[PDB]
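Below are two forms of the same protein chain, given as structure tokens: structure 1, then structure 2.
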Structure 1
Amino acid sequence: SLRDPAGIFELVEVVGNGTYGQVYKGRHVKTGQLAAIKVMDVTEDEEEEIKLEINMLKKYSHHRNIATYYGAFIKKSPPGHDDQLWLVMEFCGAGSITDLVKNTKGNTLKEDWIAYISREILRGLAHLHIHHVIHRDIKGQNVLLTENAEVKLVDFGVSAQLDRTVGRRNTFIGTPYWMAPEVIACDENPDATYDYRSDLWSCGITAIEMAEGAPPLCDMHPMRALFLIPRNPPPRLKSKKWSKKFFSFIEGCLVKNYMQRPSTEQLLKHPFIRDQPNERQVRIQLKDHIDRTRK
């Protein structure tokens, strides 16, 4: 059964805040080995159901573009309060793509770096989607880089699955900026769907976050952004500097009606993603940029 993490894992620094909880750079206490730890409130005394749901999904974390599952821990709380679940995964040494862009001059990545990273996110998502798993938490903070620029998604469907089964009393709306229109309830969409294509919208927003350092509407009160996402036209890159292929990729990700949004396999064939003649050079440049940022 799920153990208290005391003396096994500790939380060191925050890497992200998402749809269901927070992600930390954590540490295996007695080795000093790093881990990505996703901390999520869960309905109290549901350890058996939690273990069942995690065990059904963990095999999907072995893929090269998914941070590998290590273990799961629970912290108990007073009667009636949600328990705290710690989902422990591998940490990729270079940290998140959001931190990389924050630490880049002009808060912008080179276009061919964005194509490379976006393809790797799409490959991780295609693995989950073919296995009928929705991620539901795609954003720069949830995409980590290793020291040689391998790209891995944090979480492999657990937060999304626990939300829908075990649940919790401490629910919140969360930050809206990576949410697709179908995830936001309105007159035409009163029940707000769970469809794999919502991850592709989030992938488009993440590409804008790599290009501009922040998602669209980042300077707006989140309640006004939540209202505007289903109403506004698809977001677009602000600068004219980008290639027509990059604008075209964003148009594919950011089709507002999910029923008309391309699949993960269709986006992997988009020229922006499919045609990367400078891939080896990009990985060398990313490795060098990670090294320079560190110092």
Structure 2
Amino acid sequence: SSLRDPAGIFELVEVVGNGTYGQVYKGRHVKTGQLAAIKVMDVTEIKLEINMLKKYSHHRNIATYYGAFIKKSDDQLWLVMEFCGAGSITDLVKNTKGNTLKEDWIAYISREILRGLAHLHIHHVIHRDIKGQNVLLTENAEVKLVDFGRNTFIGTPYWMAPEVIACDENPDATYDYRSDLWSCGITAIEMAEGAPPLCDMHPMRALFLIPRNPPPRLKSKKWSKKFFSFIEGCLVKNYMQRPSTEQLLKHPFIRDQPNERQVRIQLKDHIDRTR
């Protein structure tokens, strides 16, 4: 009924990602040494928010909520969750030679993202910021989503779906659950190519082009037909005909992963070697 001061419960250790997520810290549960991620927030209710981030983060593919705390003074609110210690999908691809992942790696991670999205969507929650930086790895190569569901800045636009970007015919630009699926496909091109489509454009020009351009495509024809088809489904231009999270889960590229165990094993090792 009343949140406490964090002192003696959680402590901050260092900023993450040293300046990519903003006021987000690697922190530590004092009494156990267990690591936690901690968003620090100037504030002036919250019990309801947290309780809601509580209920929806109980899925193996979503970083689990821990709790909230208030540090007195403009007061501070600490939002605390499970720490994902092997970094982001974006990190991974950056630390891999050729900046590209094995197609079966991409198939595995994409499916875990979709399972996480499936969970939120059936609960009528939209993530709204799916991208490499928001998909995090553990040491066991578990895949978990963060940053789902002040606000004065606009972030990076490269993962945004067409319908999310206001323009003359779309002045009240939707967020629909299907917007997350577009973002998922962009993240898959990212894993494949090291960067999202339009990475070579100024952010503002990208924002202009996304609603106008045809669906992005993989640059290389080296990829399997299944991969190209998965990409096409995530990247249905008009969200109205875009497949649901459940349809993408049955897509052959996601559904048929014969070498799953070895893939996990490979990622795990790659993480060790890549650290």
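In this text, rigid core is short for the largest set of C-alphas that superpose within 1.5 Å between two forms. Residue indices: 1-based, along structure 1.
Novice: If the larger rigid part is held fixed, how many degrees does the smaller one turn between structure 1 and structure 2?
Specialist: So the smaller rigid part is rotated by 25 degrees.
Novice: By how many angstrom is the CA atom of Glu150 displaced between structure 1 and structure 2 after fitting on the core?
Specialist: Reported C-alpha shift between structure 1 and structure 2: 0.6 Å at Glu150.
Novice: Let me know the CA shift of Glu13 between structure 1 and structure 2 in Å, rounded to one decimal, core fitted.
Specialist: That residue's C-alpha sits 6.3 Å away in the other form.
Novice: Look at the Cα of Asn189 between structure 1 and structure 2 with the rigid core superposed and state its shift in Å.
Specialist: Superposing on the rigid core gives a C-alpha shift of 1.1 Å for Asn189.
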